[PDB]
Amino acid sequence: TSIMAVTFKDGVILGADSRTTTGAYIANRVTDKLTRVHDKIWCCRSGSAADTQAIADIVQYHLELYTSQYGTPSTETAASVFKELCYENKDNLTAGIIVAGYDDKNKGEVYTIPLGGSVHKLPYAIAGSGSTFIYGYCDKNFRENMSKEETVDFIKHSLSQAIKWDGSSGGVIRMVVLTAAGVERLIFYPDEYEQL
Amino acid sequence: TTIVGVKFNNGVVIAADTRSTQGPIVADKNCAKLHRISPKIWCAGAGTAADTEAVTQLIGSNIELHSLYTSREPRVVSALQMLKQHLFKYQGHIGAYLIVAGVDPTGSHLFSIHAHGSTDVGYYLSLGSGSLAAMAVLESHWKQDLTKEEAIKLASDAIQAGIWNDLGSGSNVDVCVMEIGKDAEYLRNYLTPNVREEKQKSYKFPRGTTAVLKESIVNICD
Amino acid sequence: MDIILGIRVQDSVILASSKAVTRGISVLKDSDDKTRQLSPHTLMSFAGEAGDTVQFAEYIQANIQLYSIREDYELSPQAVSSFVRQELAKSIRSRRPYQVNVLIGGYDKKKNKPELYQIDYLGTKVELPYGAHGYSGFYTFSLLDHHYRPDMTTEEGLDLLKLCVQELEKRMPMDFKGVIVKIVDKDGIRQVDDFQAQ
Amino acid sequence: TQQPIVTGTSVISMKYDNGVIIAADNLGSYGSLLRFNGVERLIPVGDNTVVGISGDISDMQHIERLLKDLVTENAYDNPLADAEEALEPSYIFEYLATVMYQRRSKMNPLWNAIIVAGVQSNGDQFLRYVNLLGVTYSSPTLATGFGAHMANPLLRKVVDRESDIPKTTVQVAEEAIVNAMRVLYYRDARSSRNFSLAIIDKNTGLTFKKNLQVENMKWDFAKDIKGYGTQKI
Amino acid sequence: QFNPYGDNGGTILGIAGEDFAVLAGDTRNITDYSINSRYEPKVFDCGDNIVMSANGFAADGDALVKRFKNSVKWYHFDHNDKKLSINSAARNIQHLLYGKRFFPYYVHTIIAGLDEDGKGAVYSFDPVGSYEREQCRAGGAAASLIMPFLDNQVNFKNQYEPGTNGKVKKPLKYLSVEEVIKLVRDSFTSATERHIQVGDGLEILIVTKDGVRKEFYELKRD
Amino acid sequence: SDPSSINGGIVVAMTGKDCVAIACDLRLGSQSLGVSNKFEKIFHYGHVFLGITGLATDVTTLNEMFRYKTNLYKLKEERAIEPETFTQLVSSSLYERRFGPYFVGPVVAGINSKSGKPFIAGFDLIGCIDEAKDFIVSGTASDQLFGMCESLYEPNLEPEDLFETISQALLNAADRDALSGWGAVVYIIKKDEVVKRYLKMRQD
Amino acid sequence: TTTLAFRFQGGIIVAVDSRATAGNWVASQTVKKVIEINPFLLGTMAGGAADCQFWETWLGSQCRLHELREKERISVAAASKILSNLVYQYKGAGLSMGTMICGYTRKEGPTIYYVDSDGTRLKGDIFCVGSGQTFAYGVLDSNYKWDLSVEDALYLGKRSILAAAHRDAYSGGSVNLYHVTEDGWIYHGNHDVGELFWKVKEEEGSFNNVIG
Amino acid sequence: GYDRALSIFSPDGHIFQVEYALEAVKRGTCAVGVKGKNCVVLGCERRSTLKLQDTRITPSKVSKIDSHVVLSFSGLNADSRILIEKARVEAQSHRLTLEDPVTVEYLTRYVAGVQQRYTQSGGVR
Amino acid sequence: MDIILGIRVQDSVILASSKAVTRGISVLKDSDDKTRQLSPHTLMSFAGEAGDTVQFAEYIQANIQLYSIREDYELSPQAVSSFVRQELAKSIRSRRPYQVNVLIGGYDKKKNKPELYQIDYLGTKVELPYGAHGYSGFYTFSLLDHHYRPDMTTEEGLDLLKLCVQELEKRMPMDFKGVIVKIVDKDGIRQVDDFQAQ
Amino acid sequence: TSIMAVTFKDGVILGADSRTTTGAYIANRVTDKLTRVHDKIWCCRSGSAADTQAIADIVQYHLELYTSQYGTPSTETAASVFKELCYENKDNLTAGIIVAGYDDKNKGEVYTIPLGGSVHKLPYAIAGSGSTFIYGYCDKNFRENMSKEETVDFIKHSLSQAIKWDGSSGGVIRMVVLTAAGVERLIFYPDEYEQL
């Protein structure tokens, strides 16, 4: 698994690979790890597929109930709901979730939630088994307030290296762009990112 | 156990505490942890006390035979190589953690050896249970180009940090100074900051207190 | 384990139970009666876990006596054995099971026939002409398979158990300090006080 | 029963003539990986107390939330919330000490080692330790994890007993803390160069210092060291 | 797996006199080989002329003393400010300890004071509740070092009258408050010499008909 | 499980004014069961005395081994073994079986025939030399003996006074140990004579 | 720990030692091992000291509550079963106790009941519980008769402890004697084994192997 | 759920529900008991409102609590069976724990104790 | 374990050894002689591991007899016991140790005094007036500590062992099928054939 | 541990950190992991310190005996001796050794020897616990036939990132340059590489 989310000038872009494995066998090579919990709040999922799906469904339920009563929730609010479930049920859950959303006031925000269930607000975050191989690359190449063109290139080059070295990662690079204009889906195939 | 080694401008100095323990109980309050490989090469032992004593005397015996065979003064690198290869062969089962230091025709040297056979070289080193307390002082007060007297003070302060802060260490401080052109001076009980205070009562029993059943004279003479 | 033997003859049921109570290294008692009277014509012998063995026996005794007062009627040996089986069957899947093996020795007054039932701690009931729990059967069954007849008298049944005990006293390593022998027939339950040298 | 995932290393502290000094580095370790660098492990409660936590970061954030709720709860129906009935360092510690011991008694502990530093209303210095076991103790110097082994020996050289407390000034006490942080960066593998430092004084109040770095490091002697025994070049 | 228990070391000593009682204990708190505190109170005055100390796991020790002090407080509320007798306190602590029989306080608790006749009383407790009134009791890390010494010096065991051929034992002439303190101080200095978890300082709480008095003495800090 | 806690027993040595003392209990047991009240743990080879604690089969074996070695020593050297030299012989003999050791706690006591110096020494199961000027303790009641000796002992005691010190240290330590007791014996070593005294103690 | 209680003409003799041990460490030489349930009933203690001390004192509370309720003295069978049923509720939890409950009622006469942590309840004439129980049985079985006098029966219980205290490493300290009559128990002093050994050795001729 | 206070005090100091429970006893068939020197005899009358009963199977007025204790009653026949059942259970529970059958005084104390409990519990008559 | 008892009286050493051999669930033999004659005046009894117990005993027997032929001389009971101890001491640290507990019962012709030695599988020798191996001592020692005298006759020693066996047959859970009793004195080694009802 | 060796235009440069740890305590912060086995043949050491020191000492012995009889050994020959010891004693050794040497004909050569005992000839090789974090960076930044200036910068930037993320790595960056000119020792202190 290789997942990341990067804040930029116009908002935030979430990136992920499409490989889910049972041992050394790839059960799904076209997995969508970028899950929507609210209109302009998304999440990246790593660890247990069953756990991360169950958490995201409960969060989506909580944010839907929040919207009916109090209106559009903030990215911090969504990250808090994710944290509450991950921290309180830490003994039974194996989930590494990146929470990223767009706000009109707060722009783009990224919150990472590791295994223990802590919250960390960051300019960008990398998670999953494949993220270990790109800690050096991402730290040297990340800049604040990048353009949409540059941020896509940053995530594309980072995940391509993550896929190259990690056996658990692979398939296609999926991207979700969160800006004021709306939500944009992006996909990049092996024939493109492997030769970068 | 707290053992240190400090390099100075014209030689090397090693120091140790004098507490030997069998678990939480102190067996010896004044034991010698500074051993002698050869006249000018000295060793400080930590871990299994029987292992450190025997591995020093074995290599020390072989160093003496080597010195007489080659007609040359013992070298620190020789004692080091023989200790590490012996400890590696036994895969860490011989629990000998040593700081070996000395002077020879090639100069002054300071090394540390682990039970598995790995060796490290530096200007200041520490091993044992009070190693972290000693290293803390060493990392704070050490400077390059130390004098003789400064090296004695630094090494002794590092050992004291082991005495006061670490439970596995206590009692006295033993120091051994090794200078390039002079004889090595072994300073047994260089500092005694842990003298037992006088007892509140004398427990001398009046003669005839213990009941005796039978009394006889033992024959020594054949 | 303790010796628990049972034999059903023509007109009675005979139960033989060992007198020894061994705890660790010492024999604490050599006159222990490992049986309880459930009703005037029904007797149950027991062996197993140190504490469970008597607690279960007295629990069943209390329940049967409660029924005897409520209905002013004595339950048939079959009805009693079925009640004991269900209690052991419920126990086997509980938090802490009763590790007790039982033999039901009863005389049916309505049928005018002796009956012997064998139930283990799991709740396995079986109607048998002769029964034993634990290692007791390993030494005795071959003697019982050889000599047993359905038309045997009470005196003949006592002679066969004597031969069964003699085999146990010879081949089995444990000293069970002899046995208490009890007869269950139409007249009720009596104890054979002369089995030490019969 | 649990295990620590994201961890914080040593929290070291000492008391001087007019108050206390506490410090901790800004690292959030993920096993051997030095993952997070923007982690504040010193939590100021009011203007008279600073709480330093080491160990599990998710549990630290829970404690951080509990301390914010305590401030809110204390201010309820209390006109003297910023005066006589303000939160003392002794009240804050005892609450946490009760929670820490209750959690270990339920076999579900908060995987932390906590030092509560502050100055009482009468001017007295407060410095007490509490961990995941619920063990509590006070000392002129207090340190968690690697600090207990390395910083304590250095800090006890300045203040060995209770009589040394009024003899130690702010400048000397802070110098000992900064030096201890340098030594911890030398020998602790789970340490950071960037750290925070807090001073609670009975006269000047609470002074919180952020983004402090370990300076004046000795590394020059490394060039002269080559090989592991016999190698000359 | 998480271990709910720990060892904070230390040693406590309780000796009952004819009309007095003492409860001493070292002020050293430890974890493994590190010193947590050189001065951490362990013997507490709980009111009603009763002193208490629970040595072992400090978190369990603090909880038990805290819960007993609260039990004394409620004993005044429920029974019209009646003084809790030393035998009543002893039985109360048993139920406090046995209440956690299957998850015990990992401590050796000892209480000292005066009975309803004005005589000195010391009660020693098992971690799970078992208690007995004793003449003198040492509890904790160096308990096995102090107890044999007390049998010889307080109870005069293995001591006979000189010249009687071991037929007449040394008479049980009981000690004064000055003599007991001497034995307490000598017991702890001997404990500091031979046990690594004992040292720093000694605090003795003396209980008489007048009240509770406190005495402090320095111990070796190694 | 522990081979040094199957049989039980204790040995204690002390120095005095121009004299040394060595003492032991007489108990031999098998766990809880008491077997013998005559199992002496002190042996002598010439003027050098050796006390051995721990596993009783090794106690007998080492006694026979050191008698074997001191006899050959005496034939070759044409003189009796010395306390300082015998201490090194015990140390080297124990370390020879480093990875298969004798489960023992040997104690050397004696006076050098040439210098007149009182000498005592202690060993672990693998042969570490514990050379203390005051006292050496060994056995199942080592903690009890350490507490007794640290309190009762004072430097330069006369042979008659040292006897009282070592006897009381042994007896009160043995009474606090389940695996020690069943009689006791004390040796008073001097340059010219050695006095052996059996002590009266509890038999439970 | 050696505890015995035998049934005879003059009532019941209860004899116990007083040593407490944790491993090889002798914790105490003067520990009470007979719980005085009430002026009429007694209970021996073997195994876990806290389990025996707590529940047998609790038994005294239940026996007192019975006598207030029924206005009649509690029988040994009823008293023993109170502890037995309670122990059985805790079976498997980790309790460690082996006890004899002794009493002399008009309805039963002299009665001994053996109750342990496993839940075993046995009525009998002779019982020994502890690590030195086997040594006590030897002296007891070979010298026991029903027609023993109070003086001789007190000595036999005292002698049986001495034999066990000598051989068993865990047994020792002192001997505590009790004589139970219908009107209540009578305490017959504390006898130090250290002093008792030499006294018996000389007067009886026994313990020849031991030198004194 | 239902805990309505049915048995309560009145201004004059009577519990009417207990008072009217005695009126049900006054309606019930007469039951008499006499004790001699060595025996006790219980006698009860039978109703004559409807006469076509099967005397073999019809529940008798005198019920055995144990082999030595008997119980006769006056009042509601349905309420008595509850008291008889609970007394029979207590008789067996006493034999189980005390290892001796009940005394008549104890069995009476238990039955009267059950009756008293129903006079000050919510939701019961 | 098997019953192994020894007692040294005035002029002889008496050994009592159990007759039972138990393997798993059955007693295979009730007349086994668990002793070997090492020399005319020295006897050794044994108990322990199934195979090791006889193999070791016959090995010692072969060596003592080899010595007796070579030197035309009988070794003293002390010299034999020391030889046995060293063999067990060598065995305890070998690849597979002899799990055998022995009692040496011999009469020294030079000293004119009986001698009894007790050695366990570890190699722990002790000279005793009376000895036992395994659990045997737990039941017997208190009776031996009470009645034993050094000036006891052979007849008195047999009466004390009878009392020791009676205690074993009452309190010990295992049935050891009685004992074979042998006397070792100045005239040699004889067997008491009448101990079943002495 | 963070070790690497990179071939370039003029030869080969070996790089290493100076941290050896016993758990979480740094036992030595000035360790030299760059060990000489021959004049112009060096090795990088990772794994067990006792194992790697014992292997390197035996290799230095074998290559000294080789030179006495046959002359200067090749880098392949030195890598073969390392492998022979690592492969045949794989059950008892924990050693990850990078072998790098200079030849007049073969220029610069790098041979990596992982835990199992296999040989892999590579243009550059990274090993140790800290190498995992720089797999992405090194693959994207490595070029063939770089200058001395470029190669030093490449190793300096790579190991700085490796030290930054890995707790087992730290201290100073040591470098050994192997060219026709000779052997050059280089050292870089924390004050320099941390701010890259």
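Just so it is clear, A, B, C, D, E, F, G, H, I and J label the chains in written order, and each chain counts residues from 1 on its own.
Convention: a residue touches a chain if its C-beta (ideal position, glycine included) is under 8 Å from a C-beta of that chain, and two chains touch if they have at least 3 such contacts.
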item: Path length in steps (a step moves to a chain that is touched) from subunit I to subunit J; value: 3
item: Rotation angle superposing subunit A onto its copy subunit J by C-alpha atoms, nearest 5 degrees; value: 180
item: Chain at the geometric heart of the assembly (C-alpha centres); value: E
item: Intercentroid distance (Cα basis), subunit G paired with subunit C, Å; value: 34
item: Euclidean distance of C-alpha centroids - subunit H vs subunit I, Å; value: 76
item: Chain centre separation (subunit D, subunit I; CA means) in Å; value: 72
item: Residues of subunit C whose C-beta touches two or more other chains; value: 25-26
item: For subunit F, residues contacting two or more additional chains; value: 33, 143, 146, 151-152, 168, 171, 175-176, 198, 200-201
item: For subunit E, residues contacting two or more additional chains; value: 34-35, 144, 158-159, 166, 186, 193-194
item: Contact set on subunit G toward subunit E in their complex; value: 25, 28, 30-32, 48-51, 53-54, 93-94
item: In the complex, subunit H residues that touch subunit G; value: 97-100, 106
item: Touch list for subunit D against partner subunit E, complex; value: 1-2, 101, 104-105, 107, 109, 129, 132-139, 148-149, 152, 161-162
item: Complex contact set, residues of subunit E against subunit B; value: 30, 32-35, 141, 153, 158-166, 170, 181-183, 185-186, 189, 193-197, 220-222
item: Subunit G contact footprint on subunit B (complex, rising order); value: 213-214
